[PDB]
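enclosed are the sequence and the experimentally obtained structure.
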Amino acid sequence: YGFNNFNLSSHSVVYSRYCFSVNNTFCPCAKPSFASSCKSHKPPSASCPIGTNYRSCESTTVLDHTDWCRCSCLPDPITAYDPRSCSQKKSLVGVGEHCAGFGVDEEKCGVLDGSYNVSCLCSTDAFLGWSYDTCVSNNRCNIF
């Protein structure tokens, strides 16, 4: 979903704060038709991969509007108001297992009016839940 690599100093060591496990049918991009139907707080949309469910969103009439749209994982999956609706589930890493995945901001995946002609992807800054620090002490990198 768009994560390519990091861009940090040579001695910069990255680490995950929170890892999110998702199903094979998860997709952070909303349906282009639903976004087109939206007129207030329109979520970004993009063509999701085949066999993956689009971003969970709902339409509710709020403040005299007729197509005001609410979505899950708001504002971000890490600090979502309700993890039940969010498709990203917090899960501790098992013994001998790597990170499940960074918390991706589904509000930055794709563009505002992405149709089915553009692939589903998210920007680099959308992936949260990571931090970094240096390893240099006495001109030596600490390693475990």
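That came in fine, so what should we check first? Numbering: from 1, shown residues only.

ok, and for stretch 6-19, which residues are buried?
16, 18, 19 (16 or more other CB atoms under 10 Å). Where you see a C-beta, it was placed from the backbone N, CA and C, and this is true even at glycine.

same check, this time on stretch 89-99
When burial is assessed from 16+ other CB under 10 Å, stretch 89-99 yields the following buried residues: residue 90.

span of that stretch from start to end?
As for stretch 89-99, its first-to-last residue distance stands at 13 Å under the measure CA to CA, to the nearest Å.

kindly list the main-chain dihedrals of residue 32?
phi -60, psi -40 (degrees, to the nearest 10).

hmm, back to that, closest to residue 135 out of the buried residues of stretch 6-19?
Proximity to residue 135 was ranked across the buried residues of stretch 6-19 by CB to CB; first place goes to residue 16, at 16.3 Å.

partner residues bridging the closest one?
In this structure, residue 16 bridges to residue 130 when assessed by DSSP bridges.

what about it, distance to residue 114?
Distance of residue 16 to residue 114, computed by CB to CB, to the nearest Å: 28 Å.

now the helices for this structure?
32-37 (DSSP state H).

can you pull out the strands in it?
Secondary structure of the chain (DSSP state E): strands located at 12-16, 20-21, 57-59, 69-71, 89-90, 103-104, 127-128, 130-134, 136-137, 140-141.

which of those strands sits most buried?
Scoring the strands of the chain by mean neighbour count under mean count of other CB atoms under 10 Å gives strand 103-104 as the most buried, with a mean of 25.

need the contact partners of that one.
Counting by CB atoms under 8 Å, 6 or more residues apart in numbering, the neighbours of strand 103-104 from elsewhere in the structure are 1, 3, 18, 20, 28, 76-78, 88, 122, 126-129.
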